[PDB]
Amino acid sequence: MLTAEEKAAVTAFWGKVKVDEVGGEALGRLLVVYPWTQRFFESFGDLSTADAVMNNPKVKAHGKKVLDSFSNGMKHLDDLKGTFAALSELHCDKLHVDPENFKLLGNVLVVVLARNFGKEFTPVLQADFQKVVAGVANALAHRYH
């Protein structure tokens, strides 16, 4: 993955992110933009509209948990596999989420970081982040391979 250069850039940027807010926005947008994903969260309540999804308290809370899991991976950029082992078993074995979807969430996170950091979220930084989100998506779909 990343060189020490990239790792440093990535890490510093990460310090500015509010996981609660960014986490809720990212999961909310996944549910809105790729509707079939709503199938996995039937018990979250009302996801009928874009506004419904975005203001849903369970989405906001779940969202935070997802990002927390990202922050942990950020700390272990060389052993992503190990850092998402049990999460892989849950998503693949129990939930049966198609791995393509892990990719979608990764991409949605990038968009959200772009929306939230503007001009600060440079093509170069974005490129490093694409590497990270791809890494995370790989570690999760590992119970599939």
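A residue's number is simply how far along the shown sequence it sits, counting from 1. If you superpose the two forms and keep the largest set of C-alpha atoms that fall within 1.5 Å, you have the rigid core.
Q: Please pick 128-136 or 10-18, whichever has its Cα atoms farther from the shown form in 8 other deposited structures of this protein after a rigid core fit.
A: When 128-136 and 10-18 are compared in 8 other deposited structures of this protein, 10-18 lies farther out.
**Q.** Between 92-100 and 51-59, the one whose CA atoms sit farther away in 8 other deposited structures of this protein (rigid core aligned)
**A.** Between the two stretches, 92-100 moves farther in 8 other deposited structures of this protein.
(Q) Please compare 99-107 with 77-85 and name the stretch with the higher mean C-alpha B-factor in the deposited structure. (A) The entry gives the higher C-alpha B-factor average to 77-85.
Q) In the PDB record, does 132-140 or 118-126 carry the higher mean Cα temperature factor? A) Here the higher of the two C-alpha B-factor means belongs to 118-126.
Q. Taking the Cα B-factors listed in the entry, which of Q38, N56, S43, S69 comes out highest?
A. Of the candidates given, the C-alpha B-factor peaks at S43.
Q.
Looking at the temperature factor on the CA atom of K94, which third of the chain's modelled residues does it land in?
A. It falls in the top third of the chain.
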